[PDB]
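Chain and residue survey
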Amino acid sequence: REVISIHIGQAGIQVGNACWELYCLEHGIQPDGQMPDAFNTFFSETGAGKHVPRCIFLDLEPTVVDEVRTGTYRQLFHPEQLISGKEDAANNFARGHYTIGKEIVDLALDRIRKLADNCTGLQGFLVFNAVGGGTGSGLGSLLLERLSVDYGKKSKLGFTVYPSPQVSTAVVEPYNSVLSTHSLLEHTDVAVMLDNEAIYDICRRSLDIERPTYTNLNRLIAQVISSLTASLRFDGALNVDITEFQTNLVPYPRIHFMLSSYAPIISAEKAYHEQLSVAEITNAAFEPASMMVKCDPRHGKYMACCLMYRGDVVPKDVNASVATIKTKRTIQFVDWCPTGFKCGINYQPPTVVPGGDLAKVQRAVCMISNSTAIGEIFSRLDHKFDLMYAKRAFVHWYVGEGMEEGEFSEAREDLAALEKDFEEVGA
Amino acid sequence: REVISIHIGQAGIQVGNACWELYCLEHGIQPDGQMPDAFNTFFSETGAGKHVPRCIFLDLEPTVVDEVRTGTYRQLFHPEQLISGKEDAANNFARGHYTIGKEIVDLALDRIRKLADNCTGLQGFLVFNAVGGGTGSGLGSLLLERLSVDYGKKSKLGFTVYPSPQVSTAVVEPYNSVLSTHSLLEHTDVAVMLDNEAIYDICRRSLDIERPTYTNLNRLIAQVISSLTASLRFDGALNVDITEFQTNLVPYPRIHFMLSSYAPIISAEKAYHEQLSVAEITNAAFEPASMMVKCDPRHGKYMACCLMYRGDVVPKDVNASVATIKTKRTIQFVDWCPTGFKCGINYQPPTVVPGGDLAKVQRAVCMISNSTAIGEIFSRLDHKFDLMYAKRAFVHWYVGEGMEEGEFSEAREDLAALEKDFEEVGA
Amino acid sequence: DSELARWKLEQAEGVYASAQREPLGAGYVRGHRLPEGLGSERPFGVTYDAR
Amino acid sequence: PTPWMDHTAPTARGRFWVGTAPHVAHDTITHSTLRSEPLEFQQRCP
Amino acid sequence: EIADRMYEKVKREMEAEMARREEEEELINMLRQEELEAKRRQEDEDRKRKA
Amino acid sequence: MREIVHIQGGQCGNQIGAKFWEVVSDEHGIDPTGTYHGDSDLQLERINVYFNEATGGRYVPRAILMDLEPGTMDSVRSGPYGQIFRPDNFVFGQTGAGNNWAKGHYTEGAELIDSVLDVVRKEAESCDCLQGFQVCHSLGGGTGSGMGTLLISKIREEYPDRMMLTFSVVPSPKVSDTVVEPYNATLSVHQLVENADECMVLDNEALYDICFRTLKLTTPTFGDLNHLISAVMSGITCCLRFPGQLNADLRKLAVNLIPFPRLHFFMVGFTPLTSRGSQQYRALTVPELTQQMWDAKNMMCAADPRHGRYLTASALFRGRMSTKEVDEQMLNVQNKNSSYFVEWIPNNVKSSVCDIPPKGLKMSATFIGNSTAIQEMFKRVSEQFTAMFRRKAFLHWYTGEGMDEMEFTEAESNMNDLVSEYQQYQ
Ligand SMILES: Nc1nc2c(ncn2[C@@H]2O[C@H](COP(=O)(O)OP(=O)(O)OP(=O)(O)O)[C@@H](O)[C@H]2O)c(=O)[nH]1
Ligand SMILES: Nc1nc2c(ncn2[C@@H]2O[C@H](COP(=O)(O)OP(=O)(O)OP(=O)(O)O)[C@@H](O)[C@H]2O)c(=O)[nH]1
Ligand SMILES: Nc1nc2c(ncn2[C@@H]2O[C@H](COP(=O)(O)OP(=O)(O)O)[C@@H](O)[C@H]2O)c(=O)[nH]1
Ligand SMILES: [Mg+2]
Ligand SMILES: [Mg+2]
């Protein structure tokens, strides 16, 4: 049971760069790369006593990549695996998908090939990218397309970072987002949205860190990814692998967009006071005050929910709490799924990172659900796309690169078709 | 069996600052939070060696709240449980009911929700407020209203602080009092009046403290509260829970306004000299010189009475004493009931606080009756509300906040209707 | 531009309230005393064994 | 310790999925098998 | 005997409160004394000025 | 948290504020260098109300000095606690209005107000949640009254939901500095009654009377008068800066004192004030402070309050006091002299306690009375205004600048019907 993780863009490689710090800490690997079976899903033992990760950071601008190449984890990552171009796509989907991808994707994929050939029981892929940028959006889509034509049958977990409604750092990210989804629909099997404002409000409210840099965000996102793969890495009382989300969370081949949530995100002082039990963290995983996407699930209806439990959890009280949730009437399910849940329990508790702000708690919950609020989000991005496109603003950069108006109109109607699908499914 | 206590306003959390000091000394809990099952109704035991109260202090100005955050009880109260707005309601009902409540009441209710879900055998709520101010009256009524919507059937003990007739500190308290009652009628189940002038008289006469501050007042108010929950906390010969006042003291759904009293309020030198027994304290709890509300029940006729007994008391002599009260003719009962009492006996004597002016007393009485003198108090306040509203004084403040004259007129007639109800039932 | 002066500036302005309430990465500390064991050796929350 | 030398653990001296430095120099296979020590590379892996 | 131990605790806490009140009132009177002597110095320097 | 922005206009305003920031800084224990050196930790908690953190323990006040002549600025930087203001807050003209309300409202304002508005707007959004503004100025001078008055109008236009204090001195004929006093005071008052939330009326005549009788001072320079007004302003905002057993901020004091939206001219007093000789021959009790509060020779206006009625009144106490004595003292003074109070409002007295006394005293008090004796002073001014306007004396230095005649008629009518309605409620 082995899974490889590729990182596309400047956001993706900063996230996984927090992830791999978490992984080496969870498996007791000092950053030089040697130990002082459970690891084998990430680190492949090779060379001399070296556990080198199954991962490739790939990006066009060398600033952040060589930053990694000089950082603390110089000796961890295989040198060949960090692919770095010479010049950026510069927040331009056409530039990342047609100009520069055409030289970079073949090298990326035929690395991927020899990583998969070293692999034996490959479970699937998982990608890290933010669709607002240029490289993570453009050549990411090109990479997923050629990976799908390479394997197809293997499940691909896409942990994307969408732009927030009001807090935003670019101008053309509506164009990048729309063009990124148009391929994320028919290539990714399971795609998890995580914007930045939701994490901002979490870090402000629960973790009471008020000037949060990007690491605090990346740190707790790494906690979420580690939490939903701990079932593969460690034996639990009730384990679920990466193929389960494929079956149990995707009721229709085009409705695959999953809100994430985590609990308890609690500091050291708030831990010494709250009593940490199972019923209240199950409650805490359901209010929009602890979701990783700024959306209102009260306006939506759930399709299917999944609950990962880590640490000291017995099946009795998780069944009890889930009973309480289903008997509450504040939140509601669709008329299709009376069995709207899927629980999972693992033994190993979540670990602490020194310098991080999360205390060592006995247990934790990672909720991954499916709803119609995501359908509200896509319409929100669709409106602000149409406004800028009505004046043909910024279009000349894409046309100058080599793209045209055809795919703009057809990607627009594709999101309109997705909207009509969500409105048809919700009824 | 658990009961949670919320404190609203400047006077509310100062009462709490004395109540929790009393509870911790009762259950032997140091202010740092750990002892060096009787506590289970007030403190939930998190983790290992730590009890955290079932309370929420709330206010709009942060001055008194962070005085608590920096006082001696920093570790005892959960950091999140203390709730503080940004700016005060400023003696303004409309401001504290429509302008700032709309921001604070959601956070308060979504906090008490998770306190209740932590709880298991919730008996009810008990609220602490003063209606003369702005914060206590306005969002106190707003909070009570939405609590009645959320739970409804659970009992709510309201220990309010009404303004005295002649000794008073504010100016617009008649407007705030009337407007607070108008919702205190149909929201509270059991409402207990506490006036400051009568407590000043008690401290002057019995405790012989000629210069009393607010600390002493809140100290013996905490004594009263502790005395009527001691039945829930400890087992006695004849115990009585929180649901019994609901039945045994409220003959009609809109007549619930109970006088309170306490005996013996005795200093350190008057104990080691008076010979204390049950007959004399049962007497002394009935004189107007020892009531907590400045009114003359000689003018009124009792509807019902409740007698809490703490300490060394047997059921025989308390029965003989209540017989002497029933056969005396200086006080009279209403014909609408021949059985006008409800006794209650608990074993543990009332504890003494360091620096407190009361002495170690063997046995004590807490009387909670219901009469028509309260109907006299409301008319007395109604007079001076008419005086100021006849000249349209101070109205522009409330109208500026967004209200009108309709609620003034209808609150005025609601108090007149209530006046009709007392003079009718007194017949 | 020196480690010393750079550190003395912060040692001086540590008296500020915002300097204690907005530690760029740390978060608000509250200065609460813990019972010496909940940080490192024992984890927070109630404990009933499953294993 | 240094990067230029191998970082191998003392138990996984010589194995198939792992090795970059010679376990033992100048030891013949037939020599070792006659000494009856089990062939290091044949040890299994998960 | 539990009763005896309790009233012993009461007496202990009584003495503690007395000591705290005494030290506080002393600090207050000291602040007053310093402000008074400052006033006196301001009073004397003006007379020096007029001379 | 709750924030107060300070604004000082004119020479009087500047020197009043100089003594004010001296006293407040001495209360919070911050040295004239600008660094904390106090003793108690109660002082650190509420200094954001009056200061901002600059660099290495540097707390700069949240004030804006404003005038039209450099001499006042030099006198500001000369004294101690003059190196603590931010020099960018020294927004400052160059020509000088000079006892001409038209100059201070149309000629020089048209180019100084844009810059003072920029600095006050930057200082307003610099904090999170404003409590209100606090303006110390005069009603006789030109660059103080006129310029400050338009600034009040601009601020109330931009920030209508924030409170607003104006410590304004009024001219009196016994101590009368300039000649156009009623021409400036009348117009400024006409604008205050529709713009300001409430005003604390002061005057130099009553202050000289206080320093003569009670203080028994020989040479009452402006330092002590500004020292008394500063002690008053510290007393009025003590409730924000220090915890208490009964808190009362600016807004609740306003809602307790103002029954009608045009009745917001208060007279102020301060307690205790005793001479150095008789300073130790007295006791410190709540009755002792109350008899000095309600004394008529202790009000800081030239308006004997016993010549009329009180509408409302407030008393802010500082020190470890017994609230029962506080309430019964207020009840005794109300029940004894029942004619001095209005009948259709019961319990005309609002009270508040704070546990931190001013430095040097054990227990102090501040009285704020909204009486109807103020119409005496306003009639005292308006009768001088009609005497001059009857034959247009001094009128052309205003007329030739943009001001016209209907403005003076309007100020007459607004002053006249205001004192009519004060008389009506009397
Ligand atoms: N969560 C998270 N998001 C990040 C981080 N850094 C950048 N982003 C997001 O990345 C988005 C823009 O894409 P980038 O990753 O910055 O750059 P890119 O995707 O490589 O595209 P190019 O700039 O053209 O190379 C922004 O909207 C950011 O929100 C990070 O550290 N954490
Ligand atoms: N018995 C008692 N009453 C108090 C105490 N503190 C304040 N009060 C009463 O509270 C009333 C005024 O309301 P406050 O509690 O002071 O303030 P508030 O209720 O929060 O209303 P706002 O001031 O607008 O915030 C006064 O009539 C006092 O009698 C106290 O410690 N004990
Ligand atoms: N209390 C006090 N009053 C002052 C002071 N300086 C001037 N005044 C009063 O202010 C009035 C003149 O105001 P002025 O300073 O000319 O105002 P400006 O010209 O607008 O700056 C006179 O009646 C003085 O009584 C001072 O330092 N203290
Ligand atoms: Mg980039
Ligand atoms: Mg209050």
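Residues numbered from 1 in each chain as written, not as in the entry; some residues may be left out. Chains lettered and ligands numbered in written order. Part of a larger assembly, values for the part shown. Heavy atoms only, no water.

As deposited, the entry is annotated with cryo-EM as its determination method and 3.4 Å as its resolution.

Per the PDB entry, chain E goes by FAP127 and derives from Chlamydomonas reinhardtii. The record lists its title as "Natively decorated ciliary doublet microtubule".

Test applied: UniProt positions are given in the numbering used here, feature names are shortened, and annotations may be inferred rather than shown by experiment.
Under the PDB entry, chain A has the name Tubulin alpha and belongs to Chlamydomonas reinhardtii. The Sequence similarities field of the UniProt record for chain A holds the comment "Belongs to the tubulin family."

1. Thoughts on the site of ligand 1
Residue and element names in this part refer to chain A. This is how the line gets drawn: We call a residue near a molecule or strand as soon as one heavy atom of that residue lies within 4 Å of the molecule or strand. Polar contacts here mean pairs of N or O atoms no more than 3.5 Å apart (in protein, one a potential hydrogen donor and the other a potential acceptor; neighbouring residues in sequence count only if both atoms are side-chain atoms). Only the protein chains shown count as cover for residues, with accessible areas throughout obtained via the Shrake-Rupley method and a probe of 1.4 Å. Secondary structure follows DSSP: runs of H or I at least 4 residues long count as helices, runs of E at least 2 residues long count as strands, and numbering of each begins at the N terminus. Here the term charged refers only to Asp, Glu, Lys and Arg, the term nonpolar to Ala, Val, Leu, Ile, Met, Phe, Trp, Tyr, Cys and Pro, and the term polar to all other amino acids, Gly among them.
In the vicinity of ligand 1, 18 residues are found, and the nearest of them are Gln10, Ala11, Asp88, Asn91 and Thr135. Within the side chain of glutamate 61, a nitrogen or oxygen atom sits 3.0 Å from an oxygen atom of ligand 1. Within the complex, 88% of the 630 Å² of free accessible area of ligand 1 lies under protein. At the level of secondary structure, the elements contributing two or more residues to the shell around ligand 1 comprise α1 (9–26) and α8 (214–233). Of the residues assigned to the shell around ligand 1, the class counts are four nonpolar, 11 polar and three charged.

2. Here's the deal with the packing of aromatic side chains
All names here are of chain F. Inclusion rule: Ring pairs shown here join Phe, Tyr and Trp side chains whose ring centres sit within 6.5 Å, with only the six-membered ring taken for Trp; geometry is labelled stacked below 30 degrees between planes, edge-to-face above 60, and tilted in between. For the exposure calls, accessible area comes from a 1.4 Å probe over protein chains only, and a residue counts as buried if that area is under 20% of its type's maximum, exposed if over 50%, partly exposed in between.
Taken as a whole and judged by the stated rule, the model has 69 aromatic pairs over all chains. A ring pair is formed by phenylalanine 20 and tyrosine 50, whose centres lie 6.2 Å apart and whose planes are at 80 degrees; its orientation type is edge-to-face. Placement of the pair is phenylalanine 20 in helix α1 (residues 10–27) and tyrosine 50 in the loop between α1 and β2 (51–53), with a sequence separation of 30 residues. The pair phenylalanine 20 / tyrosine 50 is uniform in exposure class, with both members buried.

3. A closer look at the arrangement of the chains
This is how it is decided: In what follows, residue pairs with any heavy atoms lying within 4.5 Å of each other are defined as contacts.
With eight pairs of chains in contact, the largest contact count belongs to chains B and F. Separated without contact, chain B and chain D have their nearest C-alpha atoms at a distance of 40 Å. At the level of C-alpha atoms, the two units chain A and chain E stay apart, their nearest approach being 28 Å.

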